[PDB]
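Asks:
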Ligand SMILES: Cn1cnc(Cn2c(=O)nc(Nc3cc4cn(C)nc4cc3Cl)n(Cc3cc(F)c(F)cc3F)c2=O)n1
Ligand SMILES: Cn1cnc(Cn2c(=O)nc(Nc3cc4cn(C)nc4cc3Cl)n(Cc3cc(F)c(F)cc3F)c2=O)n1
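Protein chains in written order, with PDB author numbering: chain B, 3 to 301; chain A, 3 to 299.
1. Could you name the residues of the stretch 149 to 171 of chain A whose beta carbon sits closer than 8 Å to any beta carbon of chain B, in the order they occur along the chain?
2. Can you have a look at residue 78 (chain B) and say buried or exposed, based on whether 16 or more other CB atoms are within 10 angstroms of its CB?
3. Near residue 197 (chain A), what residues of its chain come up, given a Cβ to Cβ distance below 7 Å and the 5 sequence neighbours on each side ignored?
4. Could you give the DSSP three-state label for residue 202 (chain A): helix, strand or coil?
5. Where does residue 259 (chain B) fall in DSSP's three states?
6. For residue 286 (chain A), return the contacting residues in chain B, with the cut-off set at a CB-CB distance below 7 Å.
7. If we define contact as Cβ-Cβ less than 8 Å, is residue 101 (chain B) a contact residue for chain A?
8. By a C-beta neighbour count over all protein chains shown, 10 Å radius and 16 as the cutoff for buried, is residue 154 (chain A) buried or exposed?
9. If we define contact as Cβ-Cβ less than 8 Å, is residue 252 (chain B) a contact residue for chain A?
10. Does DSSP put residue 122 (chain B) in a helix, in a strand, or in coil?
11. Identify each residue in the stretch 85 to 109 of chain A for which the Cβ-Cβ distance to at least one residue of chain B is less than 9 Å, and report them in chain order.
12. So which residues put a beta carbon under 7 Å from any heavy atom of ligand 2, going in chain order?
13. Are there three or more Cβ pairs, one per stretch, closer than 8 Å when the stretch 158 to 176 of chain B is compared with the stretch 205 to 224 of chain B?
14. Is residue 141 (chain B) closer than 8 Å to residue 202 (chain B) when the C-beta atoms are compared?
15. How far does the alpha helix (DSSP H) with residue 233 (chain B) in it reach, from first residue to last?
16. Can you list, in chain order, the stretches of the beta strand (DSSP E) that have 3 or more residues and sit fully within the stretch 108 to 191 of chain B?
17. Name the one or two DSSP bridge partners that residue 302 (chain A) has.
18. Looking at chain A, which residues of the stretch 130 to 144 of chain B have a Cβ within less than 9 Å of any of its Cβ atoms?
19. Measure the alpha-carbon distance for residue 294 (chain A) versus residue 249 (chain A) and round it to whole angstroms.
20. Using a C-beta cutoff of 8 Å, does residue 236 (chain B) count as contacting chain A?
21. Give me, in chain order, the residues of the same chain whose beta-carbon lies closer than 6 Å to that of residue 253 (chain A); leave out the 5 immediate sequence neighbours on both sides.
22. Using Cβ-Cβ distances below 9 Å, what residues of the stretch 198 to 222 of chain B are close to chain A?
23. Note down, one range per segment and in chain order, each beta strand (DSSP E) of at least 3 residues found wholly within the stretch 34 to 70 of chain B.
24. If you draw a straight line from the C-alpha of residue 175 (chain B) to the C-alpha of residue 194 (chain B), how long is it?
25. Look at the alpha carbon of residue 325 (chain B) and the alpha carbon of residue 25 (chain B), and state the distance between them as a whole number of angstroms.
26. If residue 179 (chain A) and residue 84 (chain A) are in contact, beta carbons under 8 Å, what's the gap, nearest whole angstrom?
27. Along chain B, which residues have their Cβ under 7 Å away from the Cβ of residue 14 (chain A)?
28. Within its chain, find whatever has a CB closer than 7 Å to the CB of residue 13 (chain A); leave out the 5 residues flanking it on each side and keep chain order.
29. Decide yes or no for the touch test of the stretch 5 to 21 of chain A against the stretch 97 to 108 of chain A: beta carbon pairs closer than 8 Å, at least 3 of them.
30. What residue from B:280, B:277, B:285, B:240 has the CA that sits closest to residue 265 (chain B)'s CA?
31. Where residue 277 (chain A) and residue 260 (chain B) are concerned, what is the direct C-alpha to C-alpha distance, given to the nearest angstrom?
32. Quick check on the DSSP output: the alpha helix (DSSP H) that includes residue 88 (chain B) runs from which residue to which?
33. Counting C-beta neighbours from all protein chains within 10 Å, is the total for residue 269 (chain A) 16 or more, i.e. buried, or is it exposed?
34. Since residue 139 (chain B) contacts residue 117 (chain B) with CB under 8 Å, what's their CB separation in whole angstroms?
35. Please report the Cβ distance between residue 6 (chain B) and residue 127 (chain B), rounded to the nearest whole angstrom; I am assuming they are in contact, meaning their Cβ atoms lie under 8 Å.
36. Could you give the residue range of the beta strand (DSSP E) that holds residue 18 (chain B)?
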């Protein structure tokens, strides 16, 4: 049981470089549109406090250099949708996959294709934290990198990377250009709200640990849903809903451990700590696996 | 600090499925040759004690079903090299990347493209353990999945997946079909050797912490390499090689911390513990990040 990302080939074929002046970052080339963060129109003075509509109206199509590998694409039009700039180019991407734009919910996961100057560099899994940040691995030049899920060869794009926060966590937008979270595309120190743990995911990962032959954390006790949620909230875990209990059904079915039995197990781990032991080789309670991620990998 | 796979597209367009009778697994299509585990020529009753020489003699080109998706690639020649079958097909793969076949050493990491019936399903980074297993994540139908590194658009293939072991770890070969470790391609109960901690990678991890300002564990001591190797084995850590000291060179230069000074630091952590302090926010020493991985991140 490992963190596993989707195969990234369908997305790699879509990554390009966008440059405006000296400012440069990654864009996503779908059919005859390149999507990228609007931040690319900013000079370094602009970045500190940008008025984007005002900066964009003073831009021309020829102010935009788009490179797909070694070839240049000619921008024939441009517009802005919230924090995303849409560059119309004169050539369709012939490797455009079947795709959708989706906005994911906190707790859901997606694969990140990290890119630098339009070249893909790595791929890994992230989750949308409950405070709408993600804990990724991004360096300078990764602006415009995208997150995505793939189901039956259709790519669902859900994240476009924008900035690193002072705490090292990451903030971005969906592909309509709305930020996840209360952030803005400005170069100024921004804090996130207090983060909490994705409870249903921790439960999924405990089930994974059982499917993989580890049970030291299980106990005899059971709890009620409300009594478990009291303890969870006390430890800054998100509440567990009855929908979450239902989503965990197959994993309870497969292992024969009732969900509220697993909750009783998690409750004790939260109160008594891990006492030095490890679950799936981790010393902390892992919360970036969804029930689907666990199912997809154990079956 | 995350485990990061290489982008997988160059390898995705090389994955095919190979079927013999009802036995089906994954193969790798490069130019006009498909490479796959020879275990594919086994029926159920052959997998326990297969006679690969006598099984290949009953076989003709027309016994091999090779498919890119649902498209058949006609097999025009077949031969065995160690534990991999090489199938000559009538079509050169137009998406063949610039590639090499390499044999990796324990501690080196690589990306695994897990596949089922010729269809990629996931990608993740693995380290080769000192007992020549990998802590993979593989389901049934993953035989023939490959592991790789990508350097400047060149794909270096280093691993082809064959089997899961009772302990739940995995074993395979290089792309010339030579197993890593003391395993053989039979459906027999084989046990991984006792594993050890990858010392060069723990050191890389310590350099990563120092680069990030987390350096409490640095001490005023130094050691010789032989002295350190003899003590590391007593804590079930791998001894360091001359090549290991050299790939730590860039990190040693970046931080100004001599490789042997960092060994003395680790030796002190081995003999006394972390005493309740963390390194990169962790109480445990990570050993699956190589020095190259550390600098890449
Ligand atoms: C350390 N880190 C982790 N993730 C990131 C992503 N990131 C980025 O890649 N680039 C940024 N600013 C730029 C500077 C440029 C210099 N040149 C020549 N071209 C540049 C292009 C960019 Cl985008 N930023 C900062 C940043 C980007 C934003 F989109 C934003 F709204 C606010 C910000 F403060 C950045 O975080 N770096
Ligand atoms: C759970 N798991 C994790 N890794 C693996 C890898 N693995 C595999 O995918 N398949 C195997 N045996 C086959 C059975 C088949 C049934 N049909 C219809 N077709 C089949 C093809 C194969 Cl390869 N094995 C077992 C195995 C494969 C070998 F190559 C070998 F030398 C010895 C072995 F015991 C397997 O481990 N499964």
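We put the beta carbon where it would ideally sit given N, CA and C, even for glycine.
Replies: A quick look at the data gives this:
1. 170
2. As a first step, residue 78 (chain B) must be located in the first chain, where it is residue number 76. Residue 78 (chain B) should be labelled exposed.
3. Taking the first residue of the second chain as 1, we reach residue 197 (chain A) at position 195. Taken in chain order, the residues that qualify are 131, 132, 133.
4. Sequence index remark: in the second chain, residue 202 (chain A) carries index 200 (1-based). Residue state, collapsed to three classes: helix.
5. Here residue 259 (chain B) refers to the residue found at position 257 of the first chain. Coil, per DSSP.
6. Position 284 of the second chain, counted from the start, is the residue given in the question as residue 286 (chain A). Result: 285.
7. Along the first chain, read from residue 1 onward, the residue named residue 101 (chain B) stands at position 99. Cβ-Cβ to chain A under 8 Å: no for residue 101 (chain B).
8. Position 152 of the second chain holds residue 154 (chain A). Exposed, by the Cβ-count rule.
9. Position 250 of the first chain, counted from the start, is the residue given in the question as residue 252 (chain B). For residue 252 (chain B), the answer is no, since every Cβ of chain A falls outside 8 Å of its Cβ.
10. Along the first chain, one-based indexing puts residue 122 (chain B) at 120. Note: residue 122 (chain B) maps to strand in three-state DSSP.
11. none
12. A:24, A:25, A:26, A:27, A:39, A:41, A:42, A:49, A:140, A:141, A:142, A:143, A:144, A:145, A:163, A:164, A:165, A:166, A:172, A:187, A:188, A:189
13. no
14. Taking the first chain and counting its residues from 1, one reaches residue 202 (chain B) at position 200. Taking the first chain and counting its residues from 1, one reaches residue 141 (chain B) at position 139. Cβ atoms of residue 202 (chain B) and residue 141 (chain B): not closer than 8 Å.
15. For the purposes of this step, residue 233 (chain B) is taken as residue 231 along the first chain, with counting starting at 1. Start and end: 227 to 236.
16. 111 to 118, 121 to 129, 148 to 153, 156 to 166, 172 to 175
17. Only positions 3 to 299 of chain A appear in the structure, and residue 302 (chain A) is not among them; the question remains open.
18. Listed in sequence order: 137, 138, 139, 141.
19. The count along the second chain starts at 1 and reaches residue 294 (chain A) at position 292. The count along the second chain starts at 1 and reaches residue 249 (chain A) at position 247. Between residue 294 (chain A) and residue 249 (chain A), the C-alpha separation is close to 8 Å.
20. Here the question's residue 236 (chain B) lines up with position 234 in the first chain. So, not an interface residue.
21. Reading the second chain from its first residue, position 251 is the one you call residue 253 (chain A). If we look at residue 253 (chain A) and ignore the five residues flanking it on each side, its Cβ neighbours are 209, 293.
22. 214, 215
23. 35 to 39, 67 to 70
24. Here the question's residue 175 (chain B) lines up with position 173 in the first chain. Here the question's residue 194 (chain B) lines up with position 192 in the first chain. Cα to Cα, the separation comes out at about 15 Å.
25. What is shown of chain B runs 3 to 301, which leaves residue 325 (chain B) out entirely.
26. In the second chain, residue 179 (chain A) corresponds to position 177, counting from 1. In the second chain, residue 84 (chain A) corresponds to position 82, counting from 1. So it is a contact: roughly 3 Å between Cβ atoms.
27. One-based indexing of the second chain puts residue 14 (chain A) at position 12. Taking the beta carbon of residue 14 (chain A) as reference, the chain B residues within 7 Å of it are 9, 11, listed in sequence order.
28. As a first step, residue 13 (chain A) is located in the second chain; it is residue number 11 there, counting from the start. Taken in chain order, the residues that qualify are 115, 148, 150, 157.
29. yes
30. For the purposes of this step, residue 265 (chain B) is identified with residue 263 of the first chain, where counting begins at 1. Taking only the C-alpha atoms, the option nearest residue 265 (chain B) is B:240.
31. Taking the second chain and counting its residues from 1, one reaches residue 277 (chain A) at position 275. Taking the first chain and counting its residues from 1, one reaches residue 260 (chain B) at position 258. Their Cα atoms are separated by approximately 38 Å.
32. Within the first chain, numbered from 1, the residue matching residue 88 (chain B) stands at position 86. For residue 88 (chain B), there is no enclosing alpha helix (DSSP H); the residue is found in the beta strand (DSSP E) stretching over 86 to 91.
33. Here residue 269 (chain A) refers to the residue found at position 267 when the second chain is read from its first residue. Counting Cβ neighbours within 10 Å, residue 269 (chain A) comes out buried, since at least 16 surround it.
34. In the first chain, residue 139 (chain B) corresponds to position 137, counting from 1. In the first chain, residue 117 (chain B) corresponds to position 115, counting from 1. Residue 139 (chain B) to residue 117 (chain B), Cβ: 12 Å. No contact.
35. As a first step, residue 6 (chain B) is located in the first chain; it is residue number 4 there, counting from the start. As a first step, residue 127 (chain B) is located in the first chain; it is residue number 125 there, counting from the start. Right, their Cβ atoms sit about 7 Å apart.
36. Residue numbering aside, residue 18 (chain B) sits at position 16 when the first chain is read from its first letter. 17 to 22 is the span of the beta strand (DSSP E), which, as asked, contains residue 18 (chain B).
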